[PDB]
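In what follows, one protein chain appears twice in different forms, each by itself as structure tokens: structure 1 and structure 2.
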Structure 1
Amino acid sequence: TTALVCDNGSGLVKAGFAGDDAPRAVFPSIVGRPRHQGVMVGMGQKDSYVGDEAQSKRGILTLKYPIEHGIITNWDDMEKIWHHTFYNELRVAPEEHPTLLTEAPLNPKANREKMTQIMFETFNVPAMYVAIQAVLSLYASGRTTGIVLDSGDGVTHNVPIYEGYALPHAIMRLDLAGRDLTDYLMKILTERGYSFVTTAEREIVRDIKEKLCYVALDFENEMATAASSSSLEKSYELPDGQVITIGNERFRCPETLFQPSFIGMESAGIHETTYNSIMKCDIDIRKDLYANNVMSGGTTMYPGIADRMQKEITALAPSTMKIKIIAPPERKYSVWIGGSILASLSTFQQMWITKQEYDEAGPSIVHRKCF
């Protein structure tokens, strides 16, 4: 009997089998429906697409994302994604597999219940469990105490965790993450004369972002280097063989994480929210948080971000603090890997919500068993 692990994010589904060291299926968390092309369709037609297909056909589809800022908001399309994940990507019968799902920090009670309800009533799973994403990442790093910076495509959180459990009162949420950074990079490339603003061009912008962007250790110094020389420029080959040149856009883009005002957001940057989160915690545990800042999620992947965070937190913290930033190379999948480990433990068997427990108690059991 093999359990499934599904880590649903705003941008990407990570799904696979408990016990594997990585998700077997990683694909866009999107449902696409055809745009009008001049004639009313015209039935019997595939009226929807999910994941990789939807992305490939984005030019002629309108895309919807069922998860917004890490929270499930379109339940109909979320069910479609889960269905597609089981049957068309993992190719399993859900009724044959205990299923571990993940959730955002501070996920509303009603949402946890609906997830539970859908897994049992729609997919007839034999058992299920819901774990907090940042906590899984912390476990994946081999720690029970630390503060996670989890930053994906739709949301960034600071989550302090002590002796295994998140401290909800100190969690910080920032609605600024990878999609905003892609939008911003598109904007500043347009400023430079490269207008990549249609859905067809979006993937070019994401690729430039993931390949060429980096966090400067000292931003304003870096800006001066870029103005004073061509030493930071990179050429980039477009899919049609055209070659473009980009300069200070490389580090301006993720600077936004530290300076959200670059895209007009009034929020403090991720170094300040990290500090503010720690400062909401008991003084007695702060030392352990400072020494265990764990980065999780794809938007923490920028080269130089760990060193930059190390610098900023050091400036904010008492000089007596040992500051350490942990940024595993596999951190695009650290949530998923933590779930894979958890669901594999000999001790996890009695932790699942079983079908029978659900059929007797109903969705509210999730608040007592997934805690």
Structure 2
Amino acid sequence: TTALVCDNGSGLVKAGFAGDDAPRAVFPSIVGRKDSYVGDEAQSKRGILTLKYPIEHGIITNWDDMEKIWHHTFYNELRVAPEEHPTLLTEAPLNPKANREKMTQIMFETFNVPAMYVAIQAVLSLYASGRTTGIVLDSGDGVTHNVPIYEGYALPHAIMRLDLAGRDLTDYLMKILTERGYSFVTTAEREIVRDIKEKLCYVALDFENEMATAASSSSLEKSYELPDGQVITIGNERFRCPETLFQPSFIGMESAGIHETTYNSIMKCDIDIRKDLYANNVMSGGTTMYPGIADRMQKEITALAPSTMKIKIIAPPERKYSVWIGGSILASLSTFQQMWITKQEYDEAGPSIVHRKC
């Protein structure tokens, strides 16, 4: 009778109970390679096994491994039986139809859930802040999307996707710290640098200015203690790292940056709703957590938009779990209860029921 909310991402699974304010469990979206090894227990070995990420750029790419992730979620993380709980899953924007059908089949045929639903991650994050209209920048470990939503409906023809997110930023920080004279190259060192990134990086308001400052001042320097006690220094790498979101050429990519994809997305929407989108830019996901990112986005979008445009970036402190929180609220709503796909409906209609109801 308590519903489950499982927000499955490229790097992390956020899972818990509908009605709770936060996910009970947050664990890595990895399998070690029947049987199986998952999460931090997929760190049974990085040896006889190596780590495998079944969700790539927000899309499930290995169904056997994802079954292991979901097994671990129910039995090991939440300690519930899937047969006893309706289960809300999340999906990426533009998740292929066959993908959501397969999610549905697995939930009903493998896990025997009494009911389930699949919700778009960006729509849930918008909803967490009490909105049904706005444009979401959702940026995680593996993928970033701009998703414009009008009165509860995502607008698929205007959705932008960049395969540039937190893991790429981590890898870039490893490279430029190594160029500074350190050496960060191994999988364990990647985790350390992810930690450095999450604690010390920020987005500069004026990048070329910030580069001049750092060049002729020590005032942007910060220190960080490695696990073995060595304390290292980090300087302009602090803001060069997340600058990559605005300038993807930093890691060799020739795509638009996140400010330009936000603008492109708005420009693909009907002219009549564009002002609503500009006034309701919402940020979601771990890679939107950088100090200075909301200000920098304001400034970049201001330079692109008409000079009369009113622009508001909304970046809640809880953004890291905005998707999950939105799912928790949604699954708790009285008017949502009619929307669950029941096991009976699955038996009557098969996996394509997911298109009719979700």
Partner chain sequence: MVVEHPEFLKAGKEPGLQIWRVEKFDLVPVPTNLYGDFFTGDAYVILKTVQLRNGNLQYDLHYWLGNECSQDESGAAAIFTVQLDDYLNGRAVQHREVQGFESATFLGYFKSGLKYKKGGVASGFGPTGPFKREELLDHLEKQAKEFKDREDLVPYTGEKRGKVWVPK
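Shifts are known only where both forms have a C-alpha. By convention here, residues take numbers in order along the sequence of structure 1, the first being 1. If you superpose the two forms and keep the largest set of C-alpha atoms that fall within 1.5 Å, you have the rigid core.
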Deciding between structure 1 and structure 2, tell me which is the form deposited without its partner chain.
2
Identity of the moved residue from 58, 311, 69, 64, C-alpha shift 2 angstroms or more, core fit between structure 1 and structure 2:
58
Supposing the core is put in the same place in both forms, how far has the CA of residue 200 shifted between structure 1 and structure 2, in Å?
2.0
Taking the rigid core as the frame of reference, how far in Å is the Cα of residue 360 displaced between structure 1 and structure 2?
1.2
For residue 282, the CA shift between structure 1 and structure 2 after fitting the core, in Å, is 0.4
Given a rigid core superposition, which stretches of at least 3 residues have all Cα atoms displaced by 2 Å or more between structure 1 and structure 2?
46-49, 53-61
